[PDB]
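Asker: This one is upload37.cif, mmCIF, C-alpha atoms and all ligand atoms.
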data_my_file
loop_
_atom_site.label_atom_id
_atom_site.label_comp_id
_atom_site.auth_asym_id
_atom_site.auth_seq_id
_atom_site.Cartn_x
_atom_site.Cartn_y
_atom_site.Cartn_z
CA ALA A 1 91.55 156.66 -0.39
CA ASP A 2 92.15 159.76 1.80
CA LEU A 3 88.36 160.40 1.16
CA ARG A 4 87.44 156.81 2.34
CA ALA A 5 89.59 157.08 5.51
CA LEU A 6 87.66 160.37 6.10
CA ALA A 7 84.32 158.52 5.65
CA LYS A 8 85.53 155.64 7.95
CA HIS A 9 86.82 158.24 10.46
CA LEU A 10 83.43 160.10 10.51
CA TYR A 11 81.46 156.84 10.84
CA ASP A 12 83.49 155.79 13.92
CA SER A 13 83.03 159.25 15.57
CA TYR A 14 79.29 159.29 14.71
CA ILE A 15 78.97 155.88 16.51
CA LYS A 16 80.99 157.17 19.57
CA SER A 17 78.96 160.45 19.79
CA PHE A 18 75.41 159.28 18.93
CA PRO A 19 74.01 156.48 21.19
CA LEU A 20 70.72 156.08 19.21
CA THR A 21 71.59 155.61 15.51
CA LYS A 22 69.37 155.19 12.41
CA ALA A 23 70.27 151.39 12.45
CA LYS A 24 69.29 151.02 16.15
CA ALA A 25 66.03 153.03 15.60
CA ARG A 26 65.00 151.10 12.44
CA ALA A 27 65.67 147.72 14.12
CA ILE A 28 63.08 148.72 16.77
CA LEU A 29 60.50 150.17 14.28
CA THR A 30 60.62 147.22 11.77
CA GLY A 31 59.45 144.53 14.24
CA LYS A 32 62.54 143.14 16.04
CA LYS A 33 61.96 143.96 23.00
CA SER A 34 58.93 146.21 21.88
CA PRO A 35 58.33 150.01 22.48
CA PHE A 36 55.21 151.19 24.35
CA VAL A 37 52.83 152.91 21.94
CA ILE A 38 51.40 156.29 23.12
CA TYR A 39 48.44 157.12 20.85
CA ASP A 40 46.19 158.98 23.41
CA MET A 41 45.96 160.39 26.99
CA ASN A 42 45.00 156.89 28.32
CA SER A 43 47.97 155.00 26.75
CA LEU A 44 50.26 157.93 27.89
CA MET A 45 49.12 157.50 31.54
CA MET A 46 49.59 153.67 31.14
CA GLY A 47 53.17 153.96 29.86
CA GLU A 48 54.31 156.76 32.24
CA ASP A 49 56.96 154.30 33.62
CA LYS A 50 58.97 154.63 30.27
CA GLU A 51 49.94 169.79 31.66
CA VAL A 52 50.82 167.12 29.00
CA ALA A 53 51.47 169.56 26.05
CA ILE A 54 54.02 171.34 28.34
CA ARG A 55 55.39 168.01 29.85
CA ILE A 56 55.99 166.62 26.29
CA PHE A 57 57.53 170.02 25.20
CA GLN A 58 59.98 169.87 28.17
CA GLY A 59 61.00 166.39 26.99
CA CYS A 60 61.56 167.87 23.49
CA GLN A 61 63.82 170.54 25.10
CA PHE A 62 65.78 168.08 27.34
CA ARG A 63 66.42 165.68 24.40
CA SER A 64 67.31 168.69 22.14
CA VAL A 65 69.86 169.76 24.92
CA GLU A 66 71.49 166.24 24.96
CA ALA A 67 71.60 166.29 21.11
CA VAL A 68 73.51 169.66 21.22
CA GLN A 69 76.13 167.97 23.50
CA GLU A 70 76.39 164.92 21.16
CA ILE A 71 76.71 167.25 18.08
CA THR A 72 79.42 169.33 19.82
CA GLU A 73 81.41 166.13 20.67
CA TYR A 74 80.98 164.92 17.05
CA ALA A 75 82.04 168.37 15.57
CA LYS A 76 85.37 168.20 17.46
CA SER A 77 86.23 164.92 15.66
CA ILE A 78 85.74 166.69 12.21
CA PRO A 79 89.30 167.12 10.87
CA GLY A 80 90.19 170.79 11.19
CA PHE A 81 87.16 171.85 13.28
CA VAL A 82 89.17 172.39 16.54
CA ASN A 83 91.81 174.59 14.86
CA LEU A 84 89.30 177.05 13.37
CA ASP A 85 88.94 180.25 15.46
CA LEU A 86 86.96 179.44 18.73
CA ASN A 87 84.32 182.15 17.88
CA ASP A 88 83.81 180.41 14.48
CA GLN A 89 83.46 177.01 16.26
CA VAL A 90 80.61 178.65 18.42
CA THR A 91 78.85 180.22 15.32
CA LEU A 92 78.95 176.91 13.33
CA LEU A 93 77.37 175.02 16.28
CA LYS A 94 74.91 177.84 17.09
CA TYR A 95 73.53 177.94 13.52
CA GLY A 96 73.92 174.30 12.37
CA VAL A 97 72.78 172.37 15.48
CA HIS A 98 69.00 172.67 14.75
CA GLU A 99 69.47 171.48 11.19
CA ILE A 100 71.28 168.33 12.44
CA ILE A 101 68.63 167.67 15.15
CA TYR A 102 65.96 167.94 12.37
CA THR A 103 67.98 165.50 10.16
CA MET A 104 68.58 163.08 13.08
CA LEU A 105 64.96 163.27 14.38
CA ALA A 106 63.97 161.84 10.91
CA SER A 107 66.00 158.73 11.85
CA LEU A 108 63.56 157.96 14.77
CA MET A 109 60.41 158.72 12.72
CA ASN A 110 57.91 157.19 10.27
CA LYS A 111 54.63 158.61 8.83
CA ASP A 112 52.76 157.34 11.99
CA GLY A 113 55.05 158.30 14.88
CA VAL A 114 58.36 158.84 16.67
CA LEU A 115 60.55 156.60 18.88
CA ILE A 116 60.84 158.26 22.32
CA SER A 117 62.75 157.66 25.61
CA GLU A 118 65.78 155.86 24.17
CA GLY A 119 63.50 153.59 22.07
CA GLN A 120 61.26 152.55 25.01
CA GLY A 121 58.22 154.41 23.67
CA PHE A 122 56.49 155.45 20.42
CA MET A 123 54.40 158.61 20.45
CA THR A 124 51.92 158.73 17.51
CA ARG A 125 51.86 161.53 14.96
CA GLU A 126 48.04 161.77 15.50
CA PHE A 127 48.51 162.07 19.34
CA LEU A 128 51.10 164.92 18.93
CA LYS A 129 48.85 166.63 16.27
CA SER A 130 46.02 166.28 18.90
CA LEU A 131 47.78 168.56 21.47
CA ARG A 132 46.41 172.00 22.51
CA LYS A 133 46.71 175.27 20.42
CA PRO A 134 50.50 175.91 19.83
CA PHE A 135 51.98 172.50 20.99
CA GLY A 136 49.86 170.56 18.49
CA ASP A 137 51.74 172.27 15.62
CA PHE A 138 55.22 171.53 17.06
CA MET A 139 55.95 168.05 15.54
CA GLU A 140 53.93 168.05 12.30
CA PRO A 141 56.61 169.89 10.13
CA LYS A 142 59.31 167.50 11.50
CA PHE A 143 57.12 164.56 10.40
CA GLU A 144 56.59 166.09 6.94
CA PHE A 145 60.40 166.61 6.55
CA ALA A 146 61.23 163.01 7.80
CA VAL A 147 58.81 161.36 5.25
CA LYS A 148 60.52 162.99 2.21
CA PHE A 149 64.05 162.60 3.85
CA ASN A 150 63.75 158.92 4.94
CA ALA A 151 62.75 158.00 1.35
CA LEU A 152 66.35 159.05 0.35
CA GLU A 153 67.30 155.86 2.34
CA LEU A 154 70.55 157.01 3.93
CA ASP A 155 72.24 154.91 6.65
CA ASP A 156 74.54 156.02 9.54
CA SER A 157 77.74 156.12 7.41
CA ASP A 158 76.06 158.40 4.80
CA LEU A 159 74.51 160.60 7.53
CA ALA A 160 77.88 160.91 9.37
CA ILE A 161 79.26 162.85 6.35
CA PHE A 162 76.04 164.91 5.71
CA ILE A 163 76.04 166.14 9.37
CA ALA A 164 79.73 167.19 8.95
CA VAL A 165 78.82 169.08 5.67
CA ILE A 166 76.02 171.00 7.56
CA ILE A 167 78.25 172.08 10.52
CA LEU A 168 80.90 173.40 8.08
CA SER A 169 78.71 175.94 6.26
CA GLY A 170 80.88 178.98 5.40
CA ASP A 171 77.79 181.23 5.08
CA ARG A 172 76.69 181.36 8.79
CA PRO A 173 76.33 184.95 10.16
CA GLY A 174 79.32 186.49 11.97
CA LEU A 175 82.03 184.04 10.72
CA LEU A 176 85.55 185.56 10.86
CA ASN A 177 87.31 183.12 8.48
CA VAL A 178 85.02 181.89 5.69
CA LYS A 179 87.77 180.24 3.49
CA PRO A 180 89.05 177.58 6.03
CA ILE A 181 85.44 176.44 6.67
CA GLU A 182 84.62 176.26 2.90
CA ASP A 183 87.86 174.28 2.30
CA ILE A 184 87.07 171.65 5.00
CA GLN A 185 83.49 171.53 3.57
CA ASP A 186 84.77 170.91 0.00
CA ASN A 187 86.78 167.88 1.25
CA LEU A 188 83.62 166.70 3.21
CA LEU A 189 81.38 167.30 0.18
CA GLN A 190 83.80 165.24 -2.02
CA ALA A 191 83.84 162.44 0.64
CA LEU A 192 79.96 162.53 0.67
CA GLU A 193 79.70 162.30 -3.10
CA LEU A 194 82.06 159.22 -3.16
CA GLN A 195 80.23 157.54 -0.18
CA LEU A 196 76.81 157.89 -1.96
CA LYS A 197 78.26 156.62 -5.28
CA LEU A 198 79.62 153.47 -3.50
CA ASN A 199 76.90 153.01 -0.83
CA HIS A 200 74.03 153.61 -3.33
CA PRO A 201 75.49 152.68 -6.81
CA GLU A 202 71.94 152.19 -8.16
CA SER A 203 70.84 155.59 -6.75
CA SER A 204 71.72 158.28 -9.31
CA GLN A 205 70.83 161.93 -8.33
CA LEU A 206 71.01 161.09 -4.53
CA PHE A 207 73.78 163.61 -3.67
CA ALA A 208 71.73 166.12 -5.77
CA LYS A 209 68.44 165.50 -3.83
CA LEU A 210 70.47 165.54 -0.55
CA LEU A 211 71.91 169.00 -1.40
CA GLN A 212 68.35 170.27 -2.08
CA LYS A 213 67.21 168.90 1.36
CA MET A 214 70.29 170.72 2.82
CA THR A 215 69.01 174.04 1.30
CA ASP A 216 65.41 173.17 2.54
CA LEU A 217 66.69 172.74 6.16
CA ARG A 218 67.44 176.49 6.43
CA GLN A 219 63.75 177.38 5.62
CA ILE A 220 62.55 174.50 7.81
CA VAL A 221 64.65 175.70 10.81
CA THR A 222 63.47 179.39 10.58
CA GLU A 223 59.77 178.09 10.67
CA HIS A 224 60.64 176.12 13.90
CA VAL A 225 62.28 179.25 15.48
CA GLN A 226 59.19 181.29 14.42
CA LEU A 227 57.03 178.65 16.22
CA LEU A 228 59.21 178.80 19.38
CA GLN A 229 58.60 182.60 19.67
CA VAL A 230 54.80 181.92 19.45
CA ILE A 231 55.25 179.66 22.58
CA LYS A 232 56.98 182.56 24.50
CA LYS A 233 54.12 184.99 23.64
CA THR A 234 51.42 182.49 24.76
CA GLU A 235 53.02 180.73 27.80
CA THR A 236 54.30 182.71 30.86
CA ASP A 237 57.29 182.39 33.42
CA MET A 238 58.05 178.83 32.02
CA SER A 239 61.12 179.80 29.84
CA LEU A 240 63.58 177.65 27.79
CA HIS A 241 66.58 175.56 28.96
CA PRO A 242 69.75 177.72 29.63
CA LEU A 243 71.55 176.07 26.68
CA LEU A 244 68.53 176.50 24.28
CA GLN A 245 68.12 180.14 25.52
CA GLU A 246 71.86 180.54 24.67
CA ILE A 247 71.60 179.04 21.13
CA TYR A 248 68.36 180.99 20.34
CA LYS A 249 69.73 184.23 21.91
CA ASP A 250 70.11 186.76 19.04
CA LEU A 251 70.02 184.74 15.75
CA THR B 1 82.60 183.64 22.88
CA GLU B 2 81.73 185.11 26.32
CA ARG B 3 78.04 185.36 25.23
CA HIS B 4 77.92 181.50 24.78
CA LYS B 5 79.17 180.15 28.19
CA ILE B 6 77.76 176.61 27.83
CA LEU B 7 78.75 176.20 24.11
CA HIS B 8 82.29 177.50 24.99
CA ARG B 9 82.58 175.10 28.00
CA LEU B 10 81.30 172.13 25.92
CA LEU B 11 83.87 172.89 23.20
CA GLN B 12 86.68 173.50 25.72
CA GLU B 13 85.99 170.77 28.36
CA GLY B 14 83.22 168.46 27.06
CA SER B 15 80.05 167.45 28.94
CA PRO B 16 80.53 167.03 32.78
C1 LIG C 301 63.48 161.35 21.09
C2 LIG C 301 62.48 162.05 20.25
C3 LIG C 301 62.79 163.49 20.05
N1 LIG C 301 64.02 163.92 19.85
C4 LIG C 301 63.96 165.29 19.70
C5 LIG C 301 65.01 166.24 19.50
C6 LIG C 301 64.68 167.54 19.43
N2 LIG C 301 63.38 167.98 19.51
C7 LIG C 301 63.12 169.42 19.39
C8 LIG C 301 63.61 169.98 18.08
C9 LIG C 301 64.47 171.07 18.06
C10 LIG C 301 64.96 171.55 16.86
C11 LIG C 301 64.60 170.96 15.67
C12 LIG C 301 63.74 169.88 15.68
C13 LIG C 301 63.24 169.40 16.88
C14 LIG C 301 62.26 167.14 19.69
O1 LIG C 301 61.13 167.61 19.66
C15 LIG C 301 62.62 165.76 19.80
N3 LIG C 301 61.85 164.59 20.05
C16 LIG C 301 60.42 164.60 20.44
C17 LIG C 301 59.44 163.64 19.74
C18 LIG C 301 58.35 163.42 20.78
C19 LIG C 301 59.11 163.52 22.08
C20 LIG C 301 58.78 163.04 23.35
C21 LIG C 301 59.66 163.20 24.42
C22 LIG C 301 59.37 162.58 25.75
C23 LIG C 301 58.09 162.76 26.29
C24 LIG C 301 57.71 162.11 27.46
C25 LIG C 301 58.60 161.28 28.11
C26 LIG C 301 59.88 161.11 27.62
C27 LIG C 301 60.28 161.76 26.45
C28 LIG C 301 61.68 161.56 26.04
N4 LIG C 301 62.75 161.89 26.78
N5 LIG C 301 63.87 161.55 26.10
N6 LIG C 301 63.48 161.05 24.98
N7 LIG C 301 62.12 161.03 24.90
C29 LIG C 301 60.85 163.89 24.20
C30 LIG C 301 61.18 164.38 22.95
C31 LIG C 301 60.30 164.19 21.89
#
Starting from the coordinates I provided, produce the structure as structure tokens.

Answerer:
Amino acid sequence: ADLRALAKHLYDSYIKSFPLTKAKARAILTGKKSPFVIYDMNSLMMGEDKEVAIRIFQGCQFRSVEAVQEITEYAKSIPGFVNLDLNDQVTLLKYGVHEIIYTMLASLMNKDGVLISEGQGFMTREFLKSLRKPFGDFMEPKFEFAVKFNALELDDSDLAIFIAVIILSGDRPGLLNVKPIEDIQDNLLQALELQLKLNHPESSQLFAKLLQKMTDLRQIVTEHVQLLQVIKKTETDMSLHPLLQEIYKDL
Amino acid sequence: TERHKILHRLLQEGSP
């Protein structure tokens, strides 16, 4: 009742904050316009009106920057978020933002590719895997995570709660007030359990599998940060986006 | 946090 209003509240805010949702993405991928398919260097050149490894990586950065802004706007709508200490608000975003991006990137993906440029394109998994030395390894773990995660079959309303659970992790480094975060998160976890019991009544053990994926995201995010440092050792004066530099600065 | 200028501004004022 108070837990359904919380679900309904989070769904509305998720729709206000995130312009490309799992429902919008899946409507495009299922076969109902039509995105340009980029499967090689030729098709890429063809669909440029909608160094490549580096040009694609910069797109990954730019879209990751916009996602941080969307996640920050969404976080503010989480009941209690704004009244937590401001340093704790920073920490929660700084540590949880890459887990959410990973979760939400799964929403645009299948085993063959990813929806790009607001749904106008579709870059193949084989074309990204085909990129030079470090850049070729960038997407593959995201694809492997999406395949196992998309099989859970969550929609936008389920995901709205899960994203809120992730932001409100009381175990992030340097938090000043653990208890208020854990308390909001218990309410959010309850809400999540009830949403999955009603939205997937046939799907027993879904909240369980979802909590395991939540634990997995931590390991999955460190591996992505490890990969980003490999880029900095190989590539020169290029650098990361001020905001990304700021999130990645001293983790 | 002073060491997170953009994050702080996004939280305090939103995206410009
Ligand atoms: C929209 C697809 C997408 N979203 C994200 C978010 C974060 N990170 C990075 C990340 C960070 C942390 C965890 C996980 C992933 C990405 O790598 C990422 N991607 C990739 C998938 C392939 C791709 C292609 C392009 C792109 C290339 C050429 C022309 C246009 C685009 C484009 N611009 N806007 N949308 N597409 C941009 C981003 C992405």

Asker: Within 7 Å of chain B, which residues of chain A show up when using all atoms listed in the file, listed as a list in words?

Answerer: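 So the contacting residues turn out to be residues 69, 72, 87, 90, 243 and 246 of chain A.
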
Asker: Could you pull out the residues sitting within 6 Å of ligand LIG 301 (chain C), using all atoms listed in the file, and write them as JSON, numbers by chain?

Answerer: {"A": [56, 59, 60, 61, 63, 64, 98, 101, 102, 105, 114, 115, 116, 117, 118]}

Asker: Taking all atoms of chain B that appear in the file, build a box with edges along x, y and z, extend it by 5 Å on every side, and state its centre and edge lengths in Å to one decimal, as JSON.

Answerer:
{"center_x": 82.2, "center_y": 176.2, "center_z": 27.8, "size_x": 18.9, "size_y": 28.3, "size_z": 19.9}

Asker: Name the residues in contact with residue 240 in chain A at a cut-off of 9 Å, using all atoms listed in the file, excluding same-chain residues fewer than 5 positions from it; report them as a list in words.

Answerer: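 Contacts, with the query itself left out: residues 58, 61, 232 and 245 of chain A.
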
Asker: Output the selection as a CSV table (one decimal), keeping the file's coordinate frame - C-alpha atoms for each residue.

Answerer:
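Now in part_37.csv:
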chain,number,residue,atom,x,y,z
A,58,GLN,CA,60.0,169.9,28.2
A,61,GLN,CA,63.8,170.5,25.1
A,232,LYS,CA,57.0,182.6,24.5
A,245,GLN,CA,68.1,180.1,25.5

Asker: Please, what distance in Å, to one decimal, runs between CA of residue 250 in chain A and CA of residue 163 in chain A?

Answerer: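 Those two atoms sit 23.5 Å apart.
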
Asker: Please, what distance in Å, to one decimal, runs between CA of residue 82 in chain A and CA of residue 15 in chain A?

Answerer: 19.4 Å

Asker: Skipping near chain neighbours, those fewer than 3 positions away, what residues fall within 10 Å of range 30-42 of chain A using only C-alpha atoms, listed as a list in words?

Answerer: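 Counting only C-alpha atoms, the residues come to residues 25, 26, 27, 45, 46, 47, 48, 49, 50, 52, 112, 113, 114, 115, 116, 117, 118, 119, 120, 121, 122, 123, 124, 125, 126, 127, 128, 130 and 131 of chain A.
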
Asker: How many Å lie between CA of residue 156 in chain A and CA of residue 80 in chain A, rounded to one decimal?

Answerer: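 These atoms are spaced 21.6 Å apart.
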
Asker: Please list as a list in words every residue within 7 Å of residue 161 in chain A, counting all atoms listed in the file and excluding residues in the same chain fewer than 6 positions away.

Answerer: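 Selected residues are residues 7, 10, 188 and 192 of chain A.
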
Asker: Okay, now the selection with C-alpha atoms, as a compact mmCIF listing (two decimals), keeping the file's coordinate frame?

Answerer:
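Result saved to part36.txt:
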# COMPACT_ATOMS: atom_id res chain seq x y z
CA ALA A 7 84.32 158.52 5.65
CA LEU A 10 83.43 160.10 10.51
CA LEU A 188 83.62 166.70 3.21
CA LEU A 192 79.96 162.53 0.67

Asker: Could I see chain B restored to N, CA, C and O atoms, set down as a compact mmCIF listing (two decimals), in the coordinates of the input?

Answerer:
# COMPACT_ATOMS: atom_id res chain seq x y z
N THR B 1 83.49 182.51 22.61
CA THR B 1 82.60 183.64 22.88
C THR B 1 82.15 183.67 24.36
O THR B 1 81.84 182.64 24.94
N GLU B 2 82.15 184.89 24.95
CA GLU B 2 81.73 185.11 26.32
C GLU B 2 80.20 185.06 26.45
O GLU B 2 79.67 184.78 27.53
N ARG B 3 79.50 185.33 25.33
CA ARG B 3 78.04 185.36 25.23
C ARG B 3 77.43 183.96 24.98
O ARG B 3 76.21 183.84 24.80
N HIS B 4 78.28 182.90 24.99
CA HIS B 4 77.92 181.50 24.78
C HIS B 4 78.69 180.58 25.76
O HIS B 4 79.41 179.67 25.33
N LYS B 5 78.51 180.83 27.07
CA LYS B 5 79.17 180.15 28.19
C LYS B 5 79.12 178.64 28.12
O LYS B 5 80.16 178.00 28.31
N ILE B 6 77.93 178.07 27.89
CA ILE B 6 77.76 176.61 27.83
C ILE B 6 78.44 176.03 26.57
O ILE B 6 79.27 175.12 26.70
N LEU B 7 78.15 176.60 25.38
CA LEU B 7 78.75 176.20 24.11
C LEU B 7 80.28 176.21 24.20
O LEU B 7 80.90 175.22 23.83
N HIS B 8 80.86 177.29 24.77
CA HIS B 8 82.29 177.50 24.99
C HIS B 8 82.86 176.39 25.91
O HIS B 8 83.86 175.75 25.56
N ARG B 9 82.18 176.13 27.05
CA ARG B 9 82.58 175.10 28.00
C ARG B 9 82.50 173.70 27.39
O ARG B 9 83.37 172.88 27.67
N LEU B 10 81.47 173.43 26.56
CA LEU B 10 81.30 172.13 25.92
C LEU B 10 82.41 171.89 24.94
O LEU B 10 82.93 170.79 24.89
N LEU B 11 82.79 172.94 24.19
CA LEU B 11 83.87 172.89 23.20
C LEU B 11 85.23 172.77 23.90
O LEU B 11 86.08 172.01 23.45
N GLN B 12 85.42 173.52 25.00
CA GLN B 12 86.68 173.50 25.72
C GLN B 12 86.90 172.32 26.66
O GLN B 12 88.03 171.83 26.72
N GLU B 13 85.86 171.85 27.37
CA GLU B 13 85.99 170.77 28.36
C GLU B 13 85.14 169.50 28.14
O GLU B 13 85.40 168.48 28.78
N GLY B 14 84.13 169.58 27.29
CA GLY B 14 83.22 168.46 27.06
C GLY B 14 82.08 168.49 28.06
O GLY B 14 82.00 169.41 28.87
N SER B 15 81.20 167.50 28.03
CA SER B 15 80.05 167.45 28.94
C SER B 15 80.46 166.92 30.33
O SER B 15 81.06 165.84 30.39
N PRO B 16 80.15 167.60 31.47
CA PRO B 16 80.53 167.03 32.78
C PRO B 16 79.53 165.98 33.27
O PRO B 16 79.26 165.00 32.59
